[PDB]
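*Asks:* Here goes the first bit of my complex:
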Amino acid sequence: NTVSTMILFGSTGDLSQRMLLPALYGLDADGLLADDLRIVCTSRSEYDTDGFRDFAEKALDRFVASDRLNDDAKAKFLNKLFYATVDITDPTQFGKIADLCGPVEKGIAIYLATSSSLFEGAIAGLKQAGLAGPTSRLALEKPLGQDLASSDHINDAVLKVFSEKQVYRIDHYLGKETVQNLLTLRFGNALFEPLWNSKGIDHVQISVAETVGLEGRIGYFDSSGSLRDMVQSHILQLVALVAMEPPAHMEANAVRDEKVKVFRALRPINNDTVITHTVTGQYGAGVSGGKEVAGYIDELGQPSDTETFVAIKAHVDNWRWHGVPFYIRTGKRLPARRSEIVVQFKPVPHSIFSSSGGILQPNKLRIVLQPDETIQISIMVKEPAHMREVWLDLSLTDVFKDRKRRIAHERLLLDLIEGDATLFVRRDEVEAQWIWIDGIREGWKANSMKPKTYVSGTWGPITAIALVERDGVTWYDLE
Amino acid sequence: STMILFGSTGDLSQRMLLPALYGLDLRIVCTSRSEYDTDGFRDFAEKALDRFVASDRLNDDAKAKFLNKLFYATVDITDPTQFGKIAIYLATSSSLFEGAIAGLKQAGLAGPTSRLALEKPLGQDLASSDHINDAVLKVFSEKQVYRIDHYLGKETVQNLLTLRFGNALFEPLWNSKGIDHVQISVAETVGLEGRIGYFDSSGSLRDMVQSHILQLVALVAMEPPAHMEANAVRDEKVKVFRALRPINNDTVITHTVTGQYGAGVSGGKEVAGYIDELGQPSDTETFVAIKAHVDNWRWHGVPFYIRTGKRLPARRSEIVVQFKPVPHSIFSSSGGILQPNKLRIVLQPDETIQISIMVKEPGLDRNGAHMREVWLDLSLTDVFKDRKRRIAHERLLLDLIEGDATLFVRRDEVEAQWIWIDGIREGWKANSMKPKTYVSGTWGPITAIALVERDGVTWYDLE
Amino acid sequence: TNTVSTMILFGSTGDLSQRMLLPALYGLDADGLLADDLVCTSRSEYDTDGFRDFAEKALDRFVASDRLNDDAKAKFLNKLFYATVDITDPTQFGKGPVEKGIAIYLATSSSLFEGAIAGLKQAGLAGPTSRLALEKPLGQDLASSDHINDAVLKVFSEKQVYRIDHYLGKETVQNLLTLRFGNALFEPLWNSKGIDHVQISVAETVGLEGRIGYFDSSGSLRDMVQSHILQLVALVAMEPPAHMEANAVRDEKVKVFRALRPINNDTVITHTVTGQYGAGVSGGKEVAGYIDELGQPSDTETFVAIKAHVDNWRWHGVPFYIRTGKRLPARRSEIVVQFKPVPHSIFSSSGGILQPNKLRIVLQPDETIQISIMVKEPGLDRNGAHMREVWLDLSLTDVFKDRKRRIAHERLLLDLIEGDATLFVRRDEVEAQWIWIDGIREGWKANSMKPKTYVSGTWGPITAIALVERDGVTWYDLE
């Protein structure tokens, strides 16, 4: 089902230069593209197809890794680069894109790199062009909704023209190689699944932490907040991958179908539940990176009711996971850039050792998705009569230094060209994720909850550290 | 106080025990097959003191102290008058014990407050261990007896129960289900020097499987005690050995393979064959391998693959628990071996724990998407650069000083070992089975290589 | 939510509108479940006004005697209508309040179903106000089934469609999930570890007599395994729904349907068996063979037998033995989960049979759940003491004497007047059912498997007992 005609919308955007064109050339330069591939890039600004190509070369030079860069391999990729100045608002403009496009039976992959308000106009023009017709796919990587209603608004109006199979919603997460091995680690190994239940598993937690701020995306970040921005998709995907029941086989939908279910089955957070289970944290002026950094209001310059931090004790309510607290924690201006997963297991049924002897420490498996990728499992070992909880450590980066550090889109981009792709979100996953997330905002918006701030680099609001510790567990911290 | 190390003037107590004993610092009495002087025993100790940890010997004023305080005394072990030339260890052998035990006690008196450590196989047939034990227990106290397994005291052997029972993840699969087979391997690069004749009567099997490994097996297969009591531990090991599937005269043909180290190379030098070194024809098995079966609710149908040898290509000690594979491969044929997870701990050669894991390879939606096996390492001897890599024997003497057997073999344990062992012997001897020569530095007879492979399993090689 | 006062009946002339549907409806109105204000169209044209006489003939001799009463019948007789029309002719179909919902029940054949849609749309009956139910044997091939389904879908929304399987209404079939997931003892055992094989048997003493002509089309495997027995497999293997939802439960069956090991053309010689009932004894009486009863020589199976495999985490490697049969020794539908034997016999072989535990759900004619345990016989023996297998028996027929509900159909039917539809199948379910069964038929046709004769009343072809025998498994029978 590979597509030899693809159209790049929003080609004027930073993402297309920053994450799209470099990924493409990276696929080119290695030969994953059928050389009979058309790529009709479209932007409002005016450039000659040879012209646009020169702009792309700048982007390729300013973004593609130097080792990949080759003046021959760039040129071979540019001769598959064709552009066409078009207004969306005017559907009559699209026909010029249509003439460039390769025959429909070969098919068209339609990337949308714009704003969700701009989505509605563009789809209409394609049908007159004929690009709207089946044999056309469609990817989306935008603020395509903040609540259900918009997402339903945006999706319902799309599903009018295409179908779910045509739609390829994309999550930057799942591009990540580390995110992907997680299914392999759980289902390529038979030790984890026996204990991957409510019994022998005590608490689990997610922490996507970053020192960076909302530098540049502020004003636009102020609309999402950490919870709309990172946890809505990115983090709930981690939960799905870690809690999903296995599919019978590695199918796009069957994999999705289990994640969809995990999204569907979770403890809802209600009005009364939110004060107990939710924590907010804005950023105080603080020194981060050894350099003093300004508060959120400092940079924002305006009153703001957005988070930057979130931390939620979620519950998966399925036979397997019912009653296992899932402790989420994301935020900016944190002590380290370290996204990580810690599964903590229930302690041994009986400590047959002396009370004096080191208290047993529950076995825990830790995976850090970013920046370093490592997998470690806690154990107890008698010391050369005492013990130390010592770790069985492994670094993926050490394991495969040679493998190329491809970009997260290079991979995502091809799945879309190749055929049905499991790394792309579905409406069923999308509606459920809002279901949980939305209420949370409405319930705590209805509760006049206002974020408790911390000085930047403080590890977040004190109110947080107690959400976990009033149940008796601590957030994993390096020592 | 005053001890007696009968056979301290020997290899047993020149590197393994007495050289290690330097750390164990009372007047020290030591018997001697080569009966030298008081100062000379210290001088002989001083050469062994030279063969000790460089830092600990250099730091110790003990080497000066050893010259300062020393005891030597014609052992006269055979003589009823073997004594007078508090606790004595029998660094002697089973033969150098029975008469030795009878006479050493009589000259200085005996009864309680006297040591009783076999420090030996202390038996050939059951009757040997039986008779020899029986005459001891009727003359000592059961608490006084300290049968010694050089291994059990080794710290790496010890953390197993902490490993096994301090960790939730290992036990759910530790079953008949969830384990495909277990694998124990005692390797040495060395041949036999000066011990071949004693070894030749004993056999490799008797020297290591009966004492060094069977305990290891218990530690690996035993059901836990309610609490970590000396007898609570031992009572559950006894349960293991007594649940060992007997090797009949029929089970020996298919389930065992004998070997013998031939002539070859070891490292950068080349060594000669075994019998030629002996100078007399030997039918002793330098190398033996067993397909032991333990039958219990937990394990019935889990093969235990034994392997200890001499002049082996490399010396390594470790256990390979290979787990029963995933009930289903949720992936396509094209990507991933999906090789079974295994837990491996190096023991005597180095202390490390590693678990086999399978991780998806960095990949793009190419036609092939393989997942590679990866291991989680812990260097038990690299994280504890603070803890002294102190010898294993040194600690056991502390337990003797306590007078509580924290780790000494029990008769009800021991008698379980021979009954199984001797059934291999009486049996395969009744079938006229003979040892197979193997090149020095190779991996025993090729008859073994087929023992592992008729099941669909292979031994463990790092490469 | 039906707002429905109108019922549509097709195929009344069949031995189904009389034996099951007409008595079923008798209950729906004789206990206040049918509105007082609340049609009969014949696949075979019949003289009219016969039905008021016909129901008394057909019902009296079909409905339960205790249930039967002179009064209840008159109201039912009045409500009933009878127009003599032909499915082949659309104009006939046109010859019914709009406000009342029209619910269309199709008790004809799959081929006749398309015509009914053809006349309804044109007669004025098909309406958003119309809900249509369809018989279980719809289609002989996935493409034929997909053909009819696609046509109905344009005419009717999926919700209006109510795909019928009578097995899903049988009480013993319904509580199967309650048995499995309302009880924690069963689930730990329900895995590749702890289950040796599952064993299903729908047994029948009666060969088709009137229906042989229509049967010869659909093999015993098509008539029963496609719908009835294949649902049983879902209930006995389906992973738990997080919550019981009509679609999620159907969704999880679909997952089970899709995880069956493909019976190709190479796995048909080894994992399937066909049979045709020869001549023998039925009730001390001599009854004739298939080919005698039906003159045309035929390769049709009056008996089938499968060794199906579910290849997921839970079930990979657990054999599934399915044996629908005609002219068999008994009418006993019965699932027999046989569990893995003790990991070790800590008991001497001489005194121990140590037979494996078996969960036997008897679905008909008697409701009788039971479990088998081995218990020591009471005697004084110094050695080799004997141990005897014993059964813990239950009787849903004896325990629920008070509940007193006669038939599955009345619940399913009433449900269509209610519009619930949880029992009714879903399209995605249907199509995964066919593709698996279609392969088994194609492989035998490509592999030229021909039914073996079995004297009528002998469990089946000798070949079945050997399909189990090679694997050590036997066919459970009361001994």
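*Replies:* Great, that's in hand. Numbers count the residues shown, from 1 in each chain, chains lettered A, B, ... in the order given.
*Asks:* rest of the way, CA atoms for contacts and neighbours
*Replies:* Fine.
*Asks:* Can you name the residue of the stretch 1-150 of chain A nearest chain B?
*Replies:* The nearest approach of the stretch 1-150 of chain A to chain B comes at residue A:32, 8.0 Å away (CA to the nearest CA).
*Asks:* Which parts of the stretch 51-200 of chain A are helices?
*Replies:* A:71-78, A:94-100, A:116-129, A:148-158, A:177-187, A:192-195 (DSSP state H, counting those that start in this stretch).
*Asks:* Please identify the deepest-packed of the ones you listed.
*Replies:* Per-stretch averages of neighbours, counted by mean count of other CA atoms under 10 Å in any protein chain shown, single out helix A:177-187 among the helices of the stretch 51-200 of chain A, with a mean of 21.
*Asks:* Wondering if that helix reaches chain B at all.
*Replies:* Yes. Using CA under 8 Å from any CA of the partner chain, helix A:177-187 reaches chain B at A:177, A:180-181, A:184-185, A:187.
*Asks:* got the residues of chain A near chain C?
*Replies:* Going by CA under 8 Å from any CA, the residues of chain A near chain C are A:246-249, A:265, A:317-319.
*Asks:* which ones among the residues you listed are found in helices?
*Replies:* Among these, DSSP state H puts none in helices.
*Asks:* Closest one to chain B out of those residues, please.
*Replies:* For these, the nearest to chain B is residue A:249 (4.4 Å; CA to the nearest CA).
*Asks:* wait, that closest one sits on residue B:330?
*Replies:* Yes. The pair formed by residue A:249 and residue B:330 meets the contact definition of CA atoms under 8 Å, at 4.4 Å.
*Asks:* Overlap in contacts, those two.
*Replies:* By the contact definition CA atoms under 8 Å, 6 or more residues apart in numbering or on different chains, residue A:249 and residue B:330 are jointly contacted by residue C:312.
*Asks:* Which helix in chain A has the most residues?
*Replies:* From DSSP H, the single longest helix across chain A is helix A:427-445.
*Asks:* How far away from the center of its chain is that one?
*Replies:* Chain-centre distance of helix A:427-445: 17 Å, with CA atoms, centre = their mean, to the nearest Å.
*Asks:* List the buried residues for it?
*Replies:* A:427-441, A:443-444 (16 or more other CA atoms under 10 Å in any protein chain shown).
*Asks:* in the stretch 51-200 of chain A, what residue is nearest chain C?
*Replies:* residue A:187 (9.1 Å).
*Asks:* same thing with the stretch 301-450 of chain A?
*Replies:* residue A:318 (4.9 Å).
*Asks:* Is there a neighbour count for that residue? I'd like the number.
*Replies:* Neighbour count of residue A:318, defined by other CA atoms under 10 Å in any protein chain shown: 23.
*Asks:* Restricting to C-alpha, output stretch A:321-332 in PDB.
*Replies:* Output of stretch A:321-332 as PDB, limited to C-alpha atoms (Å, rounded to 0.1, in the frame of the first residue of the first chain):
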ATOM      1  CA  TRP A 321      -4.400  -3.500  37.300                       C
ATOM      2  CA  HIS A 322      -7.400  -2.700  39.600                       C
ATOM      3  CA  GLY A 323      -6.000  -1.000  42.600                       C
ATOM      4  CA  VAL A 324      -2.400  -0.400  41.500                       C
ATOM      5  CA  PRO A 325      -1.700   3.400  41.900                       C
ATOM      6  CA  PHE A 326      -0.100   4.900  38.800                       C
ATOM      7  CA  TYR A 327       1.700   8.100  39.900                       C
ATOM      8  CA  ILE A 328       2.200  10.600  37.100                       C
ATOM      9  CA  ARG A 329       4.500  13.500  37.400                       C
ATOM     10  CA  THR A 330       5.500  15.900  34.700                       C
ATOM     11  CA  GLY A 331       6.800  19.500  34.900                       C
ATOM     12  CA  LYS A 332       9.400  22.100  33.800                       C
END
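*Asks:* What lies in contact with that stretch?
*Replies:* Contacts of stretch A:321-332 (CA under 8 Å, 6+ apart): A:197-198, A:201-214, A:226-227, A:230-231, A:243, A:281, A:283, A:308-317, A:460, A:468.
*Asks:* Drop chain D onto that structure:
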Amino acid sequence: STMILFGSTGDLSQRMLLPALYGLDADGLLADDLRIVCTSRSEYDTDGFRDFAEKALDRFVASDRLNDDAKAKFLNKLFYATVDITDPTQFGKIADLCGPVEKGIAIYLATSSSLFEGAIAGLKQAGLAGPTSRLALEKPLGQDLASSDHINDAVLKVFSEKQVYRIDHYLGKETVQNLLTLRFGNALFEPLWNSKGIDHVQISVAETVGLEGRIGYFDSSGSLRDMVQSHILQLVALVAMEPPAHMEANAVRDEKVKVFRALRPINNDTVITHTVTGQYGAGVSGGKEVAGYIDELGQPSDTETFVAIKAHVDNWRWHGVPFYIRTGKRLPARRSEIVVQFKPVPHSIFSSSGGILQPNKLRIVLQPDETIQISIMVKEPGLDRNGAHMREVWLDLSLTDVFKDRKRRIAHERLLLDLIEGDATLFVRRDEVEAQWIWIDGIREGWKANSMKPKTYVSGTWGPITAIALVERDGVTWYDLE
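*Replies:* Chain D now in position relative to the chains above:
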């Protein structure tokens, strides 16, 4: 060979043992050569007291087993000499009474532990002791562990442990014997027999009667010493034991002793929380008005007749699983039974629906009937508007119905035959006894320092209100049919 019944005048001998022996004679499991010599403390001195034994046969033995002709064959194997354990000098009369040493002598002390030691001293003078001689004892085996040990120590000093065959009446009943067959002869249970899958265990011996003619012996001990140190504690070991490798006497025991060694100490502190005591009180029993225990005693009474405990085995398998023991006299019904409540379903797929989904339960009634059954949830049949109904149900097995044919025989006949056989299979070991004794001695001390008072319950009532609350605080209840 030759049997001796020390304690011959005992009511227990009259009902439990003399009927059992008749059954062995009737079935011809008893040698014609074998002769039984009985010494009774206070009555029926004449050898023709067989009539007194025959009286015992009538009021106790089953009619079908009873056979007028068969009695005489048995009674003319009965030889009685009046003897006093306290005076050794009269032990001789038991000797000079058949008892050829080569045939050998099987000695039964239906006497109390206090009388145990004295009887042994007479036998050694009589030449009864040492070779060719066995020895049986009884359930109490001493007031305390030191008390049992002092009597114990001298037994092994006199006969080799091979020859002591201590009797725990429960171990040997067929329903008690099957337990291990239940546990390890099937694969269904053990997946869940752990601290994951189980809510709690419940062992309960109930009795409609009080103590009559047993009161003087009874007020020395108490119900826990009477039917717990030996009986109910054996049952606990069988329920919680890790399986043996293969079914050998010591292989079974060595794990049972561990279950006893595993149990957590009640201690002085836990008794307010884990111990409930009762004193049988005047009321109804059997439909009859029966007298209160103190009034029957004729003296103040500190002994329970009822106890209820929250036992804890602290091993890998059972750590933290409460075991609710409850043995009583004048309880509403006679019925020994075990109820395993399995930990409830992990999550409910039909949580919205009304039905409770009660936790599964394995019920084994050892007495008075023999029965195993299983709690399962199954959907209630209904036509449902919206919402669903689920009713719990029982999978039935009446062992007696399954094997009615095989003769039903007294546990003692199995227990006694092994004695002549010289078999220790249903006979307790000293290590078994000490572990049971230390636990009991510690609860008794805890009761002593806290001065707990048996709390009076009515006759025919479910014990004291104190016991119901101890079960209630967990949420657990007591199984009561209906």
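*Asks:* Go back to the contacts of stretch A:321-332, now with chain D?
*Replies:* Taking CA under 8 Å, 6+ apart as the rule, stretch A:321-332 contacts A:197-198, A:201-214, A:226-227, A:230-231, A:243, A:281, A:283, A:308-317, A:460, A:468, D:346-347.
*Asks:* at 6 Å what do you get?
*Replies:* The contact list for stretch A:321-332, computed with CA atoms under 6 Å, 6 or more residues apart in numbering or on different chains, reads A:197-198, A:203-213, A:308-316.
*Asks:* Can you select the buried ones from those residues in ChimeraX?
*Replies:* Buried residues among the contacts of stretch A:321-332 (16+ other CA under 10 Å), as a ChimeraX selection:
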select /A:197,198,203,204,205,206,207,208,209,210,211,212,213,308,309,310,311,312,313,314,315,316
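*Asks:* tell me, how many neighbours does residue A:303 end up with?
*Replies:* 8.
*Asks:* what's the closest non-adjacent residue to it?
*Replies:* residue A:297 (6.8 Å; CA to CA, 6 or more residues apart in numbering or on different chains).
*Asks:* Tell me, how many residues neighbour the one you found?
*Replies:* If we define neighbours as other CA under 10 Å, then residue A:297 has 14 of them.
*Asks:* cool, and the one 5 residues further on?
*Replies:* Per other CA under 10 Å, the neighbour tally for residue A:302 reads 10.
*Asks:* Kindly report the same for residue A:388.
*Replies:* Neighbour tally, residue A:388, other CA under 10 Å: 16.
*Asks:* just residue A:387 next, same as before
*Replies:* 18.
*Asks:* mind listing what it touches?
*Replies:* Contacts of residue A:387 (CA under 6 Å, 6+ apart): residue A:381.
*Asks:* and if you look at residue A:392?
*Replies:* A:376-377, B:376-378.
*Asks:* So in terms of bridging, what pairs with it?
*Replies:* residue A:377 (DSSP bridges).
*Asks:* By proximity to chain D, which residue of the stretch 151-300 of chain A wins?
*Replies:* Taking CA to the nearest CA, the stretch 151-300 of chain A has residue A:199 as its residue nearest chain D, at 7.1 Å.
*Asks:* which residues touch that residue?
*Replies:* Residue A:199 touches nothing, counting by CA under 6 Å, 6+ apart.
*Asks:* at 8 Å instead, please
*Replies:* Per CA under 8 Å, 6+ apart, neighbours of residue A:199: A:346, D:196.
*Asks:* Phi and psi next, for it.
*Replies:* Torsion angles at residue A:199 (phi, psi; degrees, to the nearest 10) stand at phi -110, psi 120.
*Asks:* returning to what we had before: packing partners for the longest helix of chain A?
*Replies:* Applying 3 or more CA pairs under 8 Å, 6 or more residues apart in numbering or on different chains; DSSP states H and E, we find helix A:427-445 packed against helix A:148-158, helix A:252-264, helix A:271-277.
*Asks:* tell me the angle of that helix relative to helix A:252-264?
*Replies:* Using axes from the mean of the first three to the mean of the last three CA atoms, to 10 degrees, the inter-axis angle of helix A:427-445 relative to helix A:252-264 is 20 degrees.
*Asks:* List the contacts of helix A:427-445.
*Replies:* Against helix A:427-445 from outside (CA under 8 Å, 6+ apart): A:147-148, A:151-152, A:155, A:164, A:227-228, A:232-233, A:236, A:256, A:259-260, A:263-264, A:266, A:268-271, A:274-275.
*Asks:* could you redo the last one with a cut-off of 6 Å?
*Replies:* A:147-148, A:260, A:263-264, A:269, A:271.
*Asks:* same check, this time on stretch A:237-244
*Replies:* A:258-259, A:262.
*Asks:* Which among the residues you listed count as buried?
*Replies:* Buried among the contacts of stretch A:237-244 (16+ other CA under 10 Å): A:258-259, A:262.
*Asks:* Pull out the buried residues from stretch A:352-372.
*Replies:* A:352-353, A:360-370, A:372.
*Asks:* tell me which of those is nearest to chain D?
*Replies:* Of the buried residues of stretch A:352-372, the one sitting nearest to chain D (CA to the nearest CA) turns out to be residue A:352, at 7.8 Å.
*Asks:* tell me the contacts of that closest one?
*Replies:* Counting by CA under 6 Å, 6+ apart, residue A:352 has contacts B:227-228.
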